[PDB]
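Single chain ahead, by itself, as structure tokens, in the form deposited in one PDB entry.
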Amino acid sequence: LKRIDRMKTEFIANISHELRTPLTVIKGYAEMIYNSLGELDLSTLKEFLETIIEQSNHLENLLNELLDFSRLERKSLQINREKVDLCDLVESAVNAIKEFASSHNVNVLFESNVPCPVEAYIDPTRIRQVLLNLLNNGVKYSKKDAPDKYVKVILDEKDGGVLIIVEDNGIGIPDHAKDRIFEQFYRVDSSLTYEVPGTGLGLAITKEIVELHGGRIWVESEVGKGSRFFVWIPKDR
């Protein structure tokens, strides 16, 4: 894992790119107001201040994600388990990615193979974060011209625990990267050459969360066609 230092330096630039997206909005609307003081009514001004507050919240979160990363590398993150219904947990996650998936005309689907009161002893916030990460990547890495772009959550329970699959007809993942995509800061060359927004952190965070539950995450995909992400979480003790 030497070449890891070459990854961390490409990440610095990627951090500036995504941090300056909400900053654009903030400095934008703020200048809009500061100039159009007469023209603006004091009720659209409210609408404008709202989005500044919300956008400064978004970049607070992007920083929080950086901390939670270094909270896992430094190895101190606590996992607060409880009994949750995964059916409504993933439904909440599917509903959270609605507007993002709509934009790029990606269909979000949830399918359960086993009757739906599926309960498990897991961290409700941390598992959601895993779902969102995978779901997002599903949308983020969809094919250029594929008639119907979709992301599919398949929820099943078997093999001594619960099994979650996140399927997409997307750009697929090459063989040499099938393992390395879970490394910190690792992005597949394609993401770099085709200017895809990203950090290389999502999956590294995701993996550590899954394995802190004593579970496992892997990927089965072929470069042209479809990517499937497998998340397994054990149930009994």
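Rigid core (definition): largest C-alpha set, two forms, superposition within 1.5 Å. Residues carry their position along the shown sequence, with the first being 1.
Note that the form deposited in another entry isn't included here; everything after this is about it.
Shifted position (C-alpha, 2 Å or more, core held fixed) between the shown form and the other one, chosen from 17, 216, 228, 225: The answer here is 17.
Core-superposed comparison between the shown form and the other one, residue 26 Cα displacement 2 Å or beyond: Yes, its C-alpha moves 2 Å or more.
Rigid core fit then residue 169 CA moved by 2 Å or more between the shown form and the other one: No, the C-alpha moves less than 2 Å.
Residue 54 C-alpha relocation of at least 2 Å between the shown form and the other one, rigid core basis: Yes.
Closer or farther in that other deposited form: C-alpha pair residue 55, residue 137 (3 angstroms or more): So the answer is farther.
Pairwise C-alpha change, residue 82 versus residue 57, in that other deposited form against this form - closer or farther, 3 angstroms or more: It is closer: in that other deposited form, the C-alpha atoms of residue 82 and residue 57 lie at least 3 Å nearer than they do here.
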